[PDB]
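What's counted below: heavy atoms across the whole structure, side chains too, no hydrogens, waters or symmetry copies. Both counts, for ligands and for their atoms, begin at 1 and track the order of listing. Throughout, protein chains are lettered first and strands after them, A, B, ... in sequence-line order, and every chain is numbered starting at 1.
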Amino acid sequence: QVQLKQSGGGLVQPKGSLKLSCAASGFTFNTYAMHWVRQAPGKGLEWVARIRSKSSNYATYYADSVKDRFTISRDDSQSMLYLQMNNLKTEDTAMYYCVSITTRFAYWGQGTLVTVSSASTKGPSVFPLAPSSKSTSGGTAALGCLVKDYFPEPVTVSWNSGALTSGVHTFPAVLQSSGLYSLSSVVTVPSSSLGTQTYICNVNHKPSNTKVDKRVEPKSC
Amino acid sequence: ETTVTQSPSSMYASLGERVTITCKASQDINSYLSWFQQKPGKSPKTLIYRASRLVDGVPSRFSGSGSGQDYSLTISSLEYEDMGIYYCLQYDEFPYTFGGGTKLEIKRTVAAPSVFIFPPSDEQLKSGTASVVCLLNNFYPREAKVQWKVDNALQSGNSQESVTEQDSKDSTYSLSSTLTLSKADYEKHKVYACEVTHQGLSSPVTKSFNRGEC
Ligand SMILES: CC(=O)N[C@@H](CCCCNC(=O)[C@@H](NC(=O)Cc1ccccc1)[C@@H]1N[C@@H](C(=O)O)C(C)(C)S1)C(=O)O
């Protein structure tokens, strides 16, 4: 059981600085080089920084984009890999992976999201996506929650505290023109259950400590 | 740096089929090439190193090959768990560069979408914005044309789409289109309609509501 357990990251303003941490366990950390690799949202993988073992003088190598702004470092007594990130720019917004390539394996951390923006965190507004009573009487009906105007990523959505999973689609977040994210989550249900069964979407936005439950009902006039 | 180009960038295949992806480097890389599988929302998983060495635990149906600049990964008989994005990695000279990635998805039959339209909530309108949401549920292939018609007028520049990854049970996609309008513009109109063109439909399908009527 090899683990690279990552810590740190989050929201930070441009020109600011941040330090990422990675705790290695279950392999001979000290003999192997360690790396950080980036994945901008929806885009490709890119190498960030490399550092070799004591046996190679802890030689450090950097991508050109970060050469004089980031520093990779390691503490072999504590099995810790670090990335000190200074003079941050918008284009550094990415998921950052701690990576160890060994003799016969390559291990990836779970990643830590870094968002480089001056904006403060903003919790979502959750609005009902409600089916009007046009729904085919013996067929399927759709309802959902619109999870709007939050920052930064991510949000999670469940339905009836996880009891409702079948037919659920929670869409990838969209970056709106306002610069805030927005997403919908929907579920299809028997049209016979509108009015008789109860549907609650549970929205969680950790960066803002927001937890919102919204009951979605058919609507009335 | 060394440049790594992958082909094709995406592809569909059926279960049991033999799949081959290629990976071409701008220069000789001495078989220092590695292949990774990434499933959505997960971290990469290492599959092959030194062009053809399997990492312990990777099924034998996975095979890699090549030399010089031209390399390939091959899945002898595709299985459901093999879907995802595959990256190749040149690690001969630093900076170690990745390919653009090959998206592998599973083929299935055409499926027409269930279409639903959702008016803006009264709650949302209290804040001065109106979002109108159109849902295309459980369809295949991914390509779909959605147009918004407000009082018979096409909309441009005020709508965004988002599409799920292939469903793990029926390999379909779902899409949401969100039309954003001011409360002022929204209340100046009656008929909000969503028009869906798709290969699983003989003719376009439309779902609509009239602002105001239950
Ligand atoms: C004591 C001493 O001197 N050590 C040196 C580092 C070398 C230590 C042993 N070497 C490795 O584990 C290498 N691993 C592979 O070839 C297998 C592989 C490749 C790709 C995917 C999966 C498996 C290379 N190691 C990386 C690196 O060196 O950055 C690499 C070049 C990216 S792969 C040191 O610390 O200087």
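Applying the disulfide (SG to SG under 2.5 Å) rule to pairs touching residues 58-95 of chain A yields nothing, sequence neighbours excluded. Residue pairs satisfying the side-chain hydrogen bond (donor to acceptor under 3.5 Å, both in side chains) criterion with at least one member in residues 7-17 of chain A, sequence neighbours excluded, are absent.
Neither side chain, B/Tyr140 nor B/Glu105, offers a donor N or O lying under 3.5 Å from an acceptor on the other.
Taking the side chain to side chain donor-acceptor pair (under 3.5 Å) definition, one finds that A/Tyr61 meets it with A/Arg52, sequence neighbours left out.
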Could you go through the ring pair (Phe, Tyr, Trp, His ring centres under 6.0 Å) check for A/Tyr96 and A/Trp36 one step at a time? CA-CA 7 Å; A/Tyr96 281 75; A/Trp36 295 96; 7.4 Å; no
Run through all N or O atoms in ligand 1 and write down each protein N or O closer than 3.5 Å, as a pair with its distance.
{"from": "ligand 1", "atom 1": "3 (O)", "to": "A/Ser55", "atom 2": "OG", "distance (Å)": "2.8"}
{"from": "ligand 1", "atom 1": "3 (O)", "to": "A/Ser56", "atom 2": "OG", "distance (Å)": "3.2"}
{"from": "ligand 1", "atom 1": "4 (N)", "to": "A/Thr31", "atom 2": "O", "distance (Å)": "3.4"}
{"from": "ligand 1", "atom 1": "12 (O)", "to": "A/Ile101", "atom 2": "O", "distance (Å)": "3.2"}
{"from": "ligand 1", "atom 1": "12 (O)", "to": "A/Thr102", "atom 2": "O", "distance (Å)": "3.0"}
{"from": "ligand 1", "atom 1": "12 (O)", "to": "A/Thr103", "atom 2": "N", "distance (Å)": "3.4"}
{"from": "ligand 1", "atom 1": "14 (N)", "to": "A/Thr102", "atom 2": "O", "distance (Å)": "2.8"}
{"from": "ligand 1", "atom 1": "28 (O)", "to": "A/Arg50", "atom 2": "NH2", "distance (Å)": "2.9"}
{"from": "ligand 1", "atom 1": "29 (O)", "to": "A/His35", "atom 2": "NE2", "distance (Å)": "3.4"}
{"from": "ligand 1", "atom 1": "29 (O)", "to": "A/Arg50", "atom 2": "NE", "distance (Å)": "2.8"}
{"from": "ligand 1", "atom 1": "29 (O)", "to": "A/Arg50", "atom 2": "NH2", "distance (Å)": "3.2"}
{"from": "ligand 1", "atom 1": "35 (O)", "to": "A/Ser53", "atom 2": "N", "distance (Å)": "2.7"}
{"from": "ligand 1", "atom 1": "35 (O)", "to": "A/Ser53", "atom 2": "OG", "distance (Å)": "2.9"}
{"from": "ligand 1", "atom 1": "36 (O)", "to": "A/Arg52", "atom 2": "NE", "distance (Å)": "2.8"}
{"from": "ligand 1", "atom 1": "36 (O)", "to": "A/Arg52", "atom 2": "NH2", "distance (Å)": "3.1"}
{"from": "ligand 1", "atom 1": "36 (O)", "to": "A/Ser56", "atom 2": "OG", "distance (Å)": "2.2"}

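A salt bridge links B/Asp56 to A/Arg104: at least one charged side-chain nitrogen sits closer than 4.0 Å to a carboxylate oxygen.
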